[PDB]
Amino acid sequence: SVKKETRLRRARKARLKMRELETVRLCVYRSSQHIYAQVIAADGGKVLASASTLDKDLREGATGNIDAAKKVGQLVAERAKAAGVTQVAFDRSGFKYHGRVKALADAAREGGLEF
Amino acid sequence: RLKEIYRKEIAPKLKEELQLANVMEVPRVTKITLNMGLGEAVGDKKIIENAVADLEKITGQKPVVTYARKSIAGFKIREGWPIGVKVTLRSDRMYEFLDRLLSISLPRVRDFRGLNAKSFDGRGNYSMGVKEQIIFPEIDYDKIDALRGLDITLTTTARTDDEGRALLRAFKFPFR
Amino acid sequence: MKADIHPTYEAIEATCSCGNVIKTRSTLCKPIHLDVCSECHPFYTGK
Amino acid sequence: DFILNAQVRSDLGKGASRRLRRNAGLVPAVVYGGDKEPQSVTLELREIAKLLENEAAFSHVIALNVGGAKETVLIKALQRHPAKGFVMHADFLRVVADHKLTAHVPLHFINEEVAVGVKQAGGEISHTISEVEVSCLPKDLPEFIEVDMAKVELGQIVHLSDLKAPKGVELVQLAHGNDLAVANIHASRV
Amino acid sequence: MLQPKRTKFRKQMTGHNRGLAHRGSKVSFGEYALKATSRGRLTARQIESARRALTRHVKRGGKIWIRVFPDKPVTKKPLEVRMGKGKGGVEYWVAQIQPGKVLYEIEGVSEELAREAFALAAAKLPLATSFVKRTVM
Amino acid sequence: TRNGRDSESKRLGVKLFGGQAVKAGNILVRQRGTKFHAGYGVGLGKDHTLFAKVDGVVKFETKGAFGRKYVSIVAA
RNA sequence: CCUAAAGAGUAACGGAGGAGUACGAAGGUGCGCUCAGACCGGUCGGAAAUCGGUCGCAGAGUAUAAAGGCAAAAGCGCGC
RNA sequence: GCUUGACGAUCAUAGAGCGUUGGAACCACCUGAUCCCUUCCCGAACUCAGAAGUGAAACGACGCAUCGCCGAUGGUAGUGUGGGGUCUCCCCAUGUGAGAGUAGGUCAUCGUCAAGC
Ligand SMILES: [Mg+2]
Ligand SMILES: [Mg+2]
Ligand SMILES: [Mg+2]
Ligand SMILES: [Mg+2]
Ligand SMILES: [Mg+2]
Ligand SMILES: [Mg+2]
Ligand SMILES: [Mg+2]
Ligand SMILES: [Mg+2]
Ligand SMILES: [Mg+2]
Ligand SMILES: [Mg+2]
Ligand SMILES: [Mg+2]
Ligand SMILES: [Mg+2]
Ligand SMILES: [Mg+2]
Ligand SMILES: [Mg+2]
Ligand SMILES: [Mg+2]
Ligand SMILES: [Mg+2]
Ligand SMILES: [Mg+2]
Ligand SMILES: [Mg+2]
Ligand SMILES: [Zn+2]
């Protein structure tokens, strides 16, 4: 359509800047029914840790609101340190840093990993 | 006003009338842009403050003034000066305006037995040119000023003109 | 829906001189009298 | 009729080809197509130039005798000297019974004298093109395509769609939505 | 005579004339052609002189094409003028000819009438020419 | 004549070719615009000068969309 | 810019054009967005004003000559 | 291994066009604008709360060379070194060798992770 490809074109500048800096990235995907979080290693290739609402401990019915995003954010922080990674860069993937995405980031900061 | 009737008889009857297998491909009216090109007020430009208020009354929604995209000095213009004003209506505001213009005032101007059905584009979007604005209520004849040819445009999810006409065949449109 | 820039949008009273009464929202705040309405015109019927 | 003798060529390059034309009276040539590795051959200059004088030298299949091996072949392209006009190179396309070959075929204009646009209107006949590109199986490759101008008036244009091809013959250019003009009748210069 | 309607630049460097004419060496429109077999250049007065000497001999039907266009301007320094002081002014227009270039074409006539008429044209041109026929390849 | 003007040359072009050893701060290309784009370990000046930020060797690769030409620094 | 001969440089009273400025925002940054043109439909304009739809891919734009660049747009808008 | 998402590798043999097909999940459209947030007007876009409906549109998968894109072999043009001619241009010995065109290919190939069997 146009909604998705405008978002992908909106997210380009941040992603290329983080590859220029050669850092670890936290990428966020938001859908109307769920929300996703990944820790891509340094250059877009490998995934070190990930967490979402699709795992068989959060399929309870409300996975598309704020407090659902706060639970997964606390979860991805736990798996990140289990992989021995901190000092990451937050990638909003073209979404606005205002709502479910923003609440996701705060839980990660609270979870321990520092941007 | 008019939403209550759309999905009760228009939606199911056109589902079978056009032999549409699925439900959602039925034509639907998306938005109405009213707008008007103030070709005047080029060297005067002292009617825009009232024209925006004139268009304010018949809508209840604030308009946005347009500007000159290019220069073309032949019409004694360049980019920067306002030339036109537009309004966009959606959801309930557009329907509740439609009935007022559908038939509360539309037959009440001077003449004509209806509206021609040949002013469609290749996809099914309908626009009406109107030579007058005193048609509408909410403005009295004394307080109005130099009259302006306000326009009407309809945008629908129609793939072709006949499907647009078929949807506009309903809603009691003055067609011929 | 930005507020504090748009006027009151009430339902008014639409009454026709032929006896037709329809309820629809507008920006008049007062009852109106229609000299002609949809149900008192020939062109819809086709005379 | 259409028979040529050629020998295998193993010395390649600019210097070797110039010595063939200058000191031996030979012509370098290539046979490719079918399903085989391409082969480089050499043949007499006065032998190829004799066959080229035949009208159906490019719309006909030829028996090529390389060494003692005989194979069926069609003439694909032909390099000529820009100034003197003799043949410097030629390449040969192998012919397979069930495979479409794409060749140039000359036209023939018949009964031009009885043209309606000529005797009555007094107009000239101009041939916009003299050959057409066809595509077909070898078994139905014509030596020429015949176009008549009996029922042609002054100012009338003949197109590719007007002329008719034999059965199993396709006009290539007509397939690509381009029916370029073939002939016309126009007024005299003076 | 023949010259471009307008040009990007008024003048040109002399350059060199080398190579053979691999492009423009076929009879593309007519049935017979006059082809150049030596290299030189035609001055747009020899082209017009050879055209009038060619069309006059036919005088009854036939279509005639010209495949050469003079698009190269040449300058000339006036008499009693020293060397230098800028480049000279344009006097005439010329066309570069390489061996094997087709100069004129004709159809709608017999081979003998074309062969006679191209002989008259070749006597006005400062280069060797030849008579050729159209072939498929 | 009204033509006898010209400007002084600027000595542009590639300064270090593919495979040469480089040091931090070395100038690689002098440019108008970006004929070459800054790859990994390469910075860009305000006149589009490409310079080395690290040590290694020049690589020169045409990759990505847009068919761009990149100059990068890799470890020998 | 060409001459200038595919690294740099390279002359002529050789062939062609510009400069002796501008901007407190025309700078920084964050966010957001794509042009020219064509066609159809639409009141005074009708070839060209503002508008709606489809195609379009940079044929637009860049403070100023030309050349080299421009999607992380280097183009366009807004807050600080 | 079979299907769907996110991120990459590589930038048309990978694109375009035409047609068939996918809803258990995922995704998309979808309902509403109370609450955060938004329109130089409009919940159109951004945002929030969702679970009535659909796979129509969008997206993906699968087929087809009509277009686009790749593209030999051979020949030709140019060219470094040495030597000649009828020397504005060419030829010989040796090394090198296009662009165009022709036969013909192409409806891509991979990596990491998470969900359904
Ligand atoms: Mg941006
Ligand atoms: Mg040699
Ligand atoms: Mg000279
Ligand atoms: Mg040439
Ligand atoms: Mg000069
Ligand atoms: Mg100089
Ligand atoms: Mg210079
Ligand atoms: Mg800097
Ligand atoms: Mg140089
Ligand atoms: Mg050099
Ligand atoms: Mg000197
Ligand atoms: Mg000066
Ligand atoms: Mg700027
Ligand atoms: Mg430029
Ligand atoms: Mg971009
Ligand atoms: Mg080769
Ligand atoms: Mg090649
Ligand atoms: Mg090519
Ligand atoms: Zn009434």
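Just the heavy atoms: all of them, side chains too, but no hydrogens, waters or symmetry mates, feed the values below. Here is how names work: the chains are called A, B, and so on, in the same order as the sequence lines, proteins then strands, and each is numbered from 1.
- Heavy atoms of other residues, nucleotides or ligands lying less than 6.0 angstrom from CZ of D:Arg21 number more than 12.
- Across the strands present, H:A72 finds no partner; the criterion is a Watson-Crick or G-U wobble pair with both atom distances under 3.5 angstrom.
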Practice prompt. Sugar-phosphate means primed atoms, P, OP1 and OP2; the rest is base. With that split, encode nucleotides 28-36 of chain H 5' to 3' as B, S or - using protein heavy atoms under 4.0 Å.
Written response: SB--S---B
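- Glycosidic conformation at G:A5 (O4'-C1'-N9-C4 for purines, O4'-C1'-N1-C2 for pyrimidines): syn, within 90° of 0.
- Summarising the base pairing, H:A103 is matched to no nucleotide, lacking a Watson-Crick or G-U wobble pair whose two defining distances lie under 3.5 Å.
- A sub-4.0 Å separation between OP1 or OP2 of G:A16 and a side-chain N or O of E:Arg10 is present.
- The partner of H:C62, taking Watson-Crick or G-U wobble pairs whose two distances both stay under 3.5 Å, is H:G19.
- In this structure, CE in D:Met88 is found 6.5 Å from CZ in D:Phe86, a value given to the nearest 0.5 Å.
- As judged by a 4.0 angstrom heavy-atom cut-off over every strand, F:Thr62 is placed among residues touching the sugar-phosphate backbone only.
- No contact: E:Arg82 has no heavy atom under 4.0 Å from any strand.
- Side-chain to base pairing of D:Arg9 with H:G74: no donor and acceptor N or O lie closer than 3.5 Å to each other.
- Rounded to whole Å, the P atom of H:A61 lies 10 Å from the corresponding atom of H:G15.
- A sub-4.0 Å separation between OP1 or OP2 of H:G8 and a side-chain N or O of A:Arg25 is present.
- Within 4.0 Å of D:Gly13, counting heavy atoms only, lies at least one base atom of the nucleic acid.
- Among the atoms of the strands shown, base atoms are found under 4.0 Å from some heavy atom of B:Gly39.
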Item to complete: Give RNA chain G the dot-bracket treatment, 5' to 3': Watson-Crick (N1-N3 with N6-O4 or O6-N4) or G-U (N1-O2, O6-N3) under 3.5 Å, [ ] crossing, | other strand.
Response: ((...........)).....(......[[[[[[.(.(((((.........)))))...).[[).....]]....]]]]]]
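- Partner assigned to H:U13 is none, using Watson-Crick or G-U wobble distances below 3.5 angstrom.
- The partner of H:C29 is H:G53, by the rule that a Watson-Crick or G-U pair needs both atom distances under 3.5 Å.
- When the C1' atom is compared between H:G17 and H:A52, the two are found 39 Å apart, to the nearest whole Å.
- Judged by Watson-Crick and G-U wobble geometry, where both atom pairs must sit under 3.5 Å apart, H:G22 and H:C59 count as a base pair.
- In this structure, H:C41 is classed as syn because its glycosidic torsion stays within 90° of zero.
- Contact between the side-chain N/O atoms of E:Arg18 and the OP1/OP2 oxygens of H:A77 is not found at any separation under 4.0 Å.
- Listed pair B:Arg93 / H:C41 fails the phosphate criterion, with no side-chain N or O lying under 4.0 Å from OP1 or OP2.
- Taking side-chain N and O atoms only, D:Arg21 has a distance below 4.0 Å to OP1 or OP2 of H:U76.
- Of the N and O atoms on the side chains of A:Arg15 and A:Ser93, at least one donor lies less than 3.5 Å from an acceptor on the other residue.
- Enclosure of atom NZ in D:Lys100 by more than 12 non-hydrogen atoms of other residues, nucleotides or ligands within 6.0 angstrom is indicated.
- A sub-4.0 Å separation between OP1 or OP2 of H:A49 and a side-chain N or O of A:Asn65 is absent.
- Residue whose closest nucleotide on RNA chain H sits further toward the 5' end, between A:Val2 and B:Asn22: B:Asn22.
- In the model, F:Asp47 has a side-chain atom that pairs as donor or acceptor with a side-chain atom of F:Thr49 under 3.5 Å.
- Near-neighbour residues of RNA chain G inside residues 33-43 of chain D, defined by a heavy atom below 4.0 Å, are absent.
- For H:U112, the paired nucleotide is H:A6, the pair qualifying as Watson-Crick or G-U wobble because both relevant distances are below 3.5 Å.
- Here the separation of H:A33 from H:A56, taken at their P atoms, is 28 Å to the nearest Å.
- Dashed line: the shortest gap from a side-chain N or O of E:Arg23 to OP1 or OP2 of H:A100 is not under 4.0 Å.
- Within the nucleic acid shown, B:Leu150 has no heavy atom closer than 4.0 Å to any nucleic acid atom.
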Discussion item. Counting primed atoms plus P, OP1 and OP2 as sugar-phosphate and everything else as base, spell out the protein contacts along nucleotides 51-63 of chain G at 4.0 Å heavy-atom distance: B, S or - for each nucleotide, 5' to 3'.
Written reply: SBSS---------
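- For the residue pair A:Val47 and A:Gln38, the shortest heavy atom distance occurs at CG2-OE1, 4.4 Å.
- A cation-pi arrangement is found for B:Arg93 relative to C:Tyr9, the charged atom lying closer than 6.0 Å to the ring centre and inside a 45° cone about the ring normal.
- Within the 4.0 angstrom heavy-atom criterion, only backbone atoms of the sugar-phosphate kind lie near F:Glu8; the bases stay farther away.
- Regarding contacts with the backbone of G:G37, a side-chain N or O of B:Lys70 is found under 4.0 angstrom from either OP1 or OP2.
- B:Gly129 comes within 4.0 angstrom of the backbone, heavy atoms only, and of no base.
- Mapping A:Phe95 and D:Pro28 onto RNA chain H via the closest heavy atom, the residue that lands nearer the 5' end is A:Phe95.
- Base orientation of H:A98: anti, since the glycosidic angle falls outside 90° of 0.
- Residue contacts for A:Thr6: at a heavy-atom cut-off of 4.0 Å it reaches the sugar-phosphate backbone alone, with no base atom in range.
- By the 30° and 60° cut-offs, the orientation of the rings of B:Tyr126 relative to B:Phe120 is tilted.
- Heavy atoms of A:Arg92 sit under 4.0 angstrom from primed sugar atoms or phosphate atoms, though from no base atom.
- For H:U94, the paired base is H:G80 (Watson-Crick or G-U wobble, both distances below 3.5 Å).
- Looking at heavy-atom distances under 4.0 Å, A:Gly64 makes contact with sugar-phosphate atoms alone, never a base.
- A:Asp43 comes within 4.0 angstrom of the backbone, heavy atoms only, and of no base.
- Mapping A:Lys96 and B:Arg148 onto RNA chain G by nearest heavy atom places A:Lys96 closer to the 5' end of the strand.
- Phosphate proximity of G:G41 to B:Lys118: absent, as no side-chain N or O sits under 4.0 Å from OP1 or OP2.
- Residue D:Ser17 has no polar side-chain atom (N or O) positioned under 4.0 Å from OP1 or OP2 of H:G74.
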Worksheet item: How does each nucleotide of nucleotides 104-117 of chain H score, in 5' to 3' order, for protein heavy atoms under 4.0 Å: base (B), sugar-phosphate only (S), or none (-)?
Response: -------BBBSSS-
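- Put simply, CD1 on B:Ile135 is 10 Å from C1' on G:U43, counting in whole angstrom units.
- In this structure H:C40 sits in no base pair that meets the Watson-Crick or G-U test at under 3.5 Å.
- Here the closest non-hydrogen pair linking B:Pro27 and B:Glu163 is CG-O, 4.0 Å.
- Using a 4.0 Å heavy-atom cutoff across all strands shown, F:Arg5 reaches at least one base atom of the nucleic acid.
- When the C1' atom is used for both H:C2 and H:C62, the distance is 15 Å, rounded to whole Å.
- Residue F:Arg11 is classed as a sugar-phosphate contact, given heavy-atom separations below 4.0 Å to backbone atoms only.
- Residue B:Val26 is classed as having no contact, given no heavy-atom separation below 4.0 Å to the nucleic acid.
- Contact check, D:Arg19 against H:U94: a side-chain N or O comes under 4.0 Å of OP1 or OP2.
- Base orientation of G:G59: syn, since the glycosidic angle falls within 90° of 0.
- Residue E:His16 has a polar side-chain atom (N or O) positioned under 4.0 Å from OP1 or OP2 of H:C89.
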Worksheet item: In B/S/- notation, 5' to 3', how is nucleotides 65-80 of chain G contacted by protein heavy atoms closer than 4.0 Å?
Response: ---BSSSB-B------
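- Put simply, the residue from A:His34, A:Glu60, A:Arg59 that forms a side-chain hydrogen bond (donor to acceptor under 3.5 Å, both in side chains) with A:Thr53 is A:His34.
- Looking at heavy atoms from C-beta onward, E:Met83 lies in side-chain contact with E:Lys77 at the 4.5 angstrom threshold.
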